[PDB]
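Let's start with one chain on its own, the form deposited in one PDB entry, as structure tokens.
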């Protein structure tokens, strides 16, 4: 109704004075947008007009307009508390979680606001942003670390496995390759795992071809089942659960074996419903009640489930079937510890050490328990002993586990900080597929303000991580650090961060 174009043609002072009057009218209509817009048309240099309009759009629910006009207020007064809080809210609603965390971060730098009163919204936006990025990445061929692989295959009898290839077929022209793949697998070396993965795939292809012919042997079917079994579990280790189940069932259909059932159970495992897991292991036991790895793997599930009695019996059975394998001893000692029986656990570890004096598995798992007890001094010494034993072994036993355990004690103890960096850097070099090593190193990079390097280690770690929870954890660290990068990139912000 007032003629704004006409008022626009008046002197700056008149326009400024008329604009206050227009804004005043707007404030009344508060009982509005039209009058604030009029005010802005006349004097675009008053943040009050923009902040007032943005309050209108909150009322009307126009989120995009709230962003537009809070931003206009903030261009003039970048620490306008009301505008920062409104823009963060609208941004959170629109799914712009990074922009919400940036404005909430700037807000906290205002000493008028208790950091603790803003942290819950920073945290909520961070978790939303991590889940957004994780889901995007999931929506749009790498092995676990050599340390993890040595651990996974540690229970099996290397010589038994390699010898399980049948040389009596009249049709099997492929078995030398399967024999080679298993020899390389059970070498427990860096080269071994890489080689095993490619050679098991190639073997499986060759068996798929031989099985397609009109003439096939039982010895042949058994070798094909064995290739499929190990290729299946490699799929599982590569986080390809679907192709894992397919090949493992193919294997079982050809020639049911304990390993085939153990590997299938592992692939489909879920502690929150256990029934199928235990049926698969009972069938594995049926196929060979004297096979130690069946009982050991079932004991681990009972352990996870806190069925300590059944876990003890299964580990004892694995132990009695193959007393020369250190793993059932370790788990028995760990079982004692988790039941609050540290003194018995410690005695069991000491007896195990006498039986296996050169194996770093013993001090490594014992150091883990001491760390859990807060006995950081003694844990360091046990990690030191494990590290020295590991370095001199021919095979991988505990891999970089000791370097990680020691660095982690040193890093949070706090001089030693450089010692922690050197340990974790060595660990990353020795076992480049270890997400544990990358994440530990990234945490220290953050503390010395190498944020770009942190981000890269975190993101690489999420791609490496196997479980959804571990992928989400590493994504969360990456997304948090990207916010840090963004804040540090503004020198005014960065000075206030000091």
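Rigid core: the largest C-alpha set superposing within 1.5 Å between the two forms. Numbering follows the first chain given and starts at 1.
There is another form of this protein, the form solved in complex with a partner chain, and it is not shown here; the text below is about that form.
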All of 30, 36 and 86 with a heavy atom within 4.5 Å of the partner chain in the deposited complex: yes
Heavy atom contact within 4.5 Å of the partner chain in the deposited complex, the stretch among 62-70, 44-52, 465-473, 452-460: 44-52
Residue 338, heavy atom within 4.5 angstroms of the partner chain in the deposited complex: no
4.5 Å heavy atom contact, residue 80 and the partner chain in the deposited complex: yes
Contact test in the deposited complex: residue 23 vs the partner chain, heavy atoms, 4.5 Å: yes
C-alpha displacement of 2 Å or more between this form and the one not shown on the rigid core, among 332, 404, 252, 73: 73
Residue 58: Cα shift of 2 Å or greater between this form and the one not shown (core-aligned): yes
Post core alignment: residue 47 C-alpha displaced by 2 Å or more between this form and the one not shown: yes
Exceeds or equals 2 Å, Cα of residue 387 between this form and the one not shown, core fit: no
